[PDB]
């Protein structure tokens, strides 16, 4: 009874995937945010049915990306459930709320995880989804993935939970270590899945940023050989994250610095000073500078690795941050100019 036939026709064209009809109806003033008695909008229908072009046209015409239906689902919930990755990406690019919850506390990540849509899980996490969100019954995305036998999703969610805790308080980090997360994180430093590597590297690097006792736990779990071997990765994001973890470990005591050297870091760090990626270059430089802040045995190892000549070359680098870091590292190694301080990635 309520509602116009023009709005009804737009809903039906969106559901049916009739792209030109959607265009024509919108051109004739059909309300892009038409909602039936259940709060279902054209954008909900297009997301559920997987019509990417229509999703894009509706958003271009002002569709409410965060419209809720009568059970609290948004279009992002529906695209995540039905497995439409590009639609998920388009919705998020247009402002979809990644942590929207329905009337029982279910978020889009719950639905993607429960139905095994791994890439969607990755995209939701990258856009800030709460990995440990609990619905009204206490279930997390990991719980639902486990209950549905999606172990790949469950493992990523577990690593994302660890990474969240590792960015938290000192008590959070201490509980992570107590509960035995470090061996799992280190094991994942050999994973062929880049998403696992990234989560594990973030968690371990963040743990190593919170004091020498926390650095020692990371060392004792065996992280150093894996971190060093990841410096041959072809993926620049992995290189950056592995280097940040090594920077943090090398901010510790001289015996911890020596552990970095003994794990083989120096040849890779010196070579990485040649990277055209200046974020990679400066992190390798900061790792070497932290190592040079150790004792004379550590300083001498850096010199024997050939770092002096490369550091001198960097004094003419166009990047002035690199120039300054290089000068400070050289002064640390040669002329007791060790006020360069310890680099740290918090």
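Residue numbers count along the first chain shown, from 1.
Q. In the PDB record, does 321-329 or 334-342 carry the higher mean Cα temperature factor?
A. Averaged over C-alpha atoms, the B-factors run higher in 334-342.
**Q.** Between 220-228 and 174-182 (mean CA B-factor, as deposited), the higher
**A.** It is 174-182.
**Q.** Candidate set 108, 264, 253, 75 [ranked by C-alpha B-factor, highest]
**A.** Of the candidates given, the C-alpha B-factor peaks at 253.
Q) Which one of 205, 233, 82, 148 shows the biggest C-alpha B-factor in the PDB entry? A) If I rank 205, 233, 82, 148 by C-alpha B-factor, first place goes to 148.
**Q.** Assigned third (lowest, middle, highest) for the C-alpha B factor of residue 289
**A.** Middle third.
Q) Going by what the PDB entry lists, where does residue 141 fall on CA B-factor within its chain: lowest, middle or highest third? A) Lowest third, going by the recorded CA B-factors of the chain.
Q.
Quick check on the deposited entry: does the C-alpha B-factor of residue 271 sit in the lowest, middle or highest third of its chain?
A. Lowest third, going by the recorded CA B-factors of the chain.
**Q.** Chain-relative CA temperature factor third for residue 101
**A.** Tercile = lowest for this residue's CA B-factor.
**Q.** B-factor third for the C-alpha atom of residue 283 within its chain
**A.** As the PDB entry reports it, the C-alpha B-factor of residue 283 lands in the lowest third of its chain.
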